[PDB]
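Enquirer: Pasting an experimental structure, sequence included:
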Amino acid sequence: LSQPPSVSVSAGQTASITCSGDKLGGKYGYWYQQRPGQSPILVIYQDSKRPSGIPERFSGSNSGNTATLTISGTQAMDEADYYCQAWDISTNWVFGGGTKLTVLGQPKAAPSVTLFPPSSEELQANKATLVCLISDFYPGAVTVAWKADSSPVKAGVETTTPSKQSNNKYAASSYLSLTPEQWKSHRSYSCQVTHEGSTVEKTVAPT
Amino acid sequence: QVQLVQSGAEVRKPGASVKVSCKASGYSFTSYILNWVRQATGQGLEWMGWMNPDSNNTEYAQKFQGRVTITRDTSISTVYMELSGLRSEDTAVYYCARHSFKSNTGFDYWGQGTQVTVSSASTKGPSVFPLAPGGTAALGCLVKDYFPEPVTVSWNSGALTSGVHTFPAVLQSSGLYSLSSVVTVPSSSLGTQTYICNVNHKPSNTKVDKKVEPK
Amino acid sequence: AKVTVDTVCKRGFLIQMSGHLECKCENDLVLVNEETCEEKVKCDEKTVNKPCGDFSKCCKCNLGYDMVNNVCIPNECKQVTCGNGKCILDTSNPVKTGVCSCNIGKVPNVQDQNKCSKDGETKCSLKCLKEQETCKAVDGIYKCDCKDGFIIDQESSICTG
């Protein structure tokens, strides 16, 4: 089955996700919502019916060669991957390519940067790592810069691409791996996180 | 209630076999057909086969060249999916879901997912370190250098759910994963409330419990 | 004739299986033809040429049907058995031959002489336009019954709650 890879909808408007097939009007249409990390859930079954617990904003249609999923008043909790499904005689179960629904118009959010120093336990393991935890920001695009004392650090850094939280915002992690000698030898270490134009920075010291 | 519970995550070497289980409860096992769907990190859901416990009949996908073998066990209400001749393509998350052609319900209930990793390396246990600490304060855990994914972290044996945020892991140049799970809690509870960090890594059968407390 | 979705079953209702549609008679009525139902009467002298059974007059079956196992089945379905279904007349082929029509959830299996041993989907095409009725699978066949959560009120024979 064929689906559009990306579909953007303004917040509060109606989003339509189409599913095209050979003779899809003669099959039952099933729609699944899959948020990052967890298993998909059935949101629309038998073309137009919805299981219990699914809000009345989800609707379905199936006729001819197109089956459409329509969500009225799309909210922030609807940004996920929506899949299409129908049973064929030759190939039993067939899934759609997917559709990333992007809900536009969400308010901007500022990150909450929490910088942790290397633990005393890991310093006894002869390896020291700093943990910069960025969370509760939107849009999900950040830029992290590490500094030893006042000079920028390039190596030993591993920053993760942001991903959706449980609060429909984005979160990311950045790790600076050092030796215990490098850690104790500098006066301070700073994690600088840039979101849009606004820059937020946290500093910790070996003392 | 009805629940589909699968086995834990596993790591296999190229060429070996993997056998994933799926437990059924809360419904008549022979009434519904249990399918098997996998999904790579990039791509979408992909159907591979099913087992009808009422007829002991299996249907497989053509693209899985005799490598998928689905065997049932109605005694334990468990279906098993065995995949042989493992390659890099098979590194994905595997799901079991039930459906009824008599009720036309689709995949109404899914499993928890089983992440199978196909790598030439073997499993490695993690090293957990404490991340020492509106009116709130942050404390967490540093699950360090493990392989492979995933690692599930709960707090206070699962009794503390609000404020927990397990972050996605990072892969270092060595090839080992590391992640952090942090929880925000009222500053007053510090000293009054003890916070236990429950790390679980099924691929290496290790459970670590860390107590995060102020310095 | 051709029992379709638009067929109005007199004194009866429509049902659907894997590959055809039929008329089922209400209460204890019987089929005089494919689309009408009348009260069935053991047969006596006064009841001559009255309905003694489904597609049966006086108790021999009508032309084209044969009494097989206490019921009337078309002559071309004499020795055909489907298991999880029933034998019907092939509409397409001119020489109407007995083909299998399966219960809901089963389909003709190509590796089993088109018998009802294969799990498959059957989309209901019934238009249940009556008050608070939808197509539901009841006892292996599709039929028009009350919608999710409604019960037929015997005072009005309508689906209420």
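Expert: In hand now; what should we look at? Residues are numbered from 1 along each chain as shown, chains lettered A, B, ... in the order given.
Enquirer: what about residue B:207, distance to residue B:200?
Expert: To residue B:200, residue B:207 is 5 Å away according to CB to CB, to the nearest Å. For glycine as for every other residue, the C-beta is placed from the backbone atoms N, C-alpha and C.
Enquirer: more neighbours, those two?
Expert: Neighbour count, other CB atoms under 10 Å in any protein chain shown: between residue B:207 and residue B:200, residue B:200 has more, with 17 against 9.
Enquirer: Next up, the contacts around the closest residue in space to the more buried one that isn't next to it in sequence.
Expert: Spatially, and ignoring its direct neighbours in sequence, residue B:200 is nearest to residue B:152 (4.7 Å; CB to CB, 6 or more residues apart in numbering or on different chains). Contact partners of residue B:152, counting by CB atoms under 8 Å, 6 or more residues apart in numbering or on different chains, are B:166, B:199-200.
Enquirer: Columns secondary structure on top of those, output as TSV?
Expert: TSV is the format used below for the contacts of residue B:152 (DSSP: H, G, I helix; E, B strand; the rest coil):
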residue	secondary structure
B:166	strand
B:199	strand
B:200	strand
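Enquirer: any chance you could read off phi and psi for the closest residue to chain C within chain A?
Expert: Per CB to the nearest CB, residue A:87 is where chain A lies closest to chain C, at 4.4 Å. With angles defined as degrees, to the nearest 10, residue A:87 sits at phi -90, psi 130.
Enquirer: What sits closest to it if chain neighbours are left out?
Expert: Using CB to CB, 6+ apart and skipping residues adjacent in sequence, the residue nearest residue A:87 is residue C:121, 4.4 Å away.
Enquirer: and the one you found, how many neighbours does it have?
Expert: With other CB under 10 Å as criterion, residue C:121 counts 21.
Enquirer: Helix, strand, or coil at the one residue in chain C that gets nearest to chain A?
Expert: Of all residues in chain C, residue C:121 sits closest to chain A, at 4.4 Å by CB to the nearest CB. For residue C:121, the secondary-structure state derived from three-state DSSP is coil.
Enquirer: distance from the centroid: which residue in the chain tops it?
Expert: No chain specified, so I'll use chain A. residue A:185 (37.8 Å; CA atoms, centre = their mean).
Enquirer: Chain C was what I was after
Expert: Ranked by distance from the centre of chain C (CA atoms, centre = their mean), the top residue is residue C:45, with 29.8 Å.
Enquirer: element containing the residue positioned nearest the centre of chain C, please.
Expert: For chain C, residue C:22 is the residue whose C-alpha lies nearest the centre (CA atoms, centre = their mean; 3.7 Å). When elements are assigned from DSSP states H and E, residue C:22 belongs to strand C:21-25.
Enquirer: distance between that strand and the chain's centre?
Expert: The chain centre lies 4 Å from the centre of strand C:21-25; the measure is CA atoms, centre = their mean, to the nearest Å.
Enquirer: Any part of that strand near chain A?
Expert: No. Applying CB under 8 Å from any CB of the partner chain, one finds strand C:21-25 separated from chain A by no less than 15.0 Å.
Enquirer: partner strands of that strand, parallel or antiparallel?
Expert: Neighbouring strands of strand C:21-25 in its sheet, by DSSP bridges, are strand C:12-16 (antiparallel).
Enquirer: ok, which residues in chain C are in contact with chain B?
Expert: Going by CB under 8 Å from any CB, the residues of chain C near chain B are C:103-106, C:117, C:119-122, C:137, C:140.
Enquirer: now, the most widely separated pair of the residues you listed?
Expert: C:117 and C:137 (18.9 Å; CB to CB).
Enquirer: on that earlier part again, look up which residues are beta-bridged to the residue nearest to the centre of chain C.
Expert: For residue C:22, the beta-bridge partners under DSSP bridges are residue C:15.
Enquirer: quick one: it from chain B, how far?
Expert: From residue C:22 over to chain B the distance is 19 Å, taken as CB to the nearest CB, to the nearest Å.
Enquirer: Might you report the residue contacts of that residue?
Expert: Per CB under 8 Å, 6+ apart, neighbours of residue C:22: C:3, C:14-16, C:34.
Enquirer: that older thread, Throw the contacts of residue B:152 into JSON lines and include distance to residue B:80, thanks.
Expert: Shown next, in JSON lines, are those (distance: CB to CB, whole Å):
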{"residue": "B:166", "distance to residue B:80": "29"}
{"residue": "B:199", "distance to residue B:80": "28"}
{"residue": "B:200", "distance to residue B:80": "23"}
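Enquirer: tell me which of these is nearest to residue A:198?
Expert: Nearest to residue A:198 out of the contacts of residue B:152 is residue B:166 (CB to CB; 26.8 Å).
Enquirer: List the beta-bridge partners for the closest one.
Expert: Taking DSSP bridges as the rule, residue B:166 bridges to residue B:181.
Enquirer: same check, this time on the one 5 residues further on
Expert: Note on residue B:171: beta-bridge partners residue B:177, judged by DSSP bridges.
Enquirer: My guess is it contacts residue B:148. True?
Expert: No. Using CB atoms under 8 Å, residue B:171 is not in contact with residue B:148, being 9.8 Å away.
Enquirer: Common neighbours of those two, please.
Expert: By CB under 8 Å, 6+ apart, residue B:171 and residue B:148 have these common neighbours: residue B:177.
Enquirer: more neighbours, those two?
Expert: Per other CB under 10 Å, whichever of residue B:171 and residue B:148 has more neighbours is residue B:148, with 26 against 14.
Enquirer: Correct me if wrong: that one contacts residue B:8.
Expert: No. Residue B:148 is beyond contact range of residue B:8, at 11.8 Å (criterion: CB under 8 Å).
Enquirer: Quickly list what's touching both of these two.
Expert: residue B:203.
Enquirer: list the contacts for the residue nearest the centre of chain B?
Expert: By CA atoms, centre = their mean, chain B has its centre lying nearest to residue B:114, at 4.4 Å. Applying CB under 8 Å, 6+ apart to residue B:114 gives the contacts B:6-10, B:20, B:93-95.
Enquirer: beta partners for it?
Expert: Per DSSP bridges, the residues bridged to residue B:114 are residue B:94.
Enquirer: And it, how far from residue B:45?
Expert: Using CB to CB, residue B:114 is found at 14 Å from residue B:45.
Enquirer: Determine the number of other residues adjacent to residue B:199.
Expert: As a burial measure, residue B:199 scores 23 neighbours (other CB under 10 Å).
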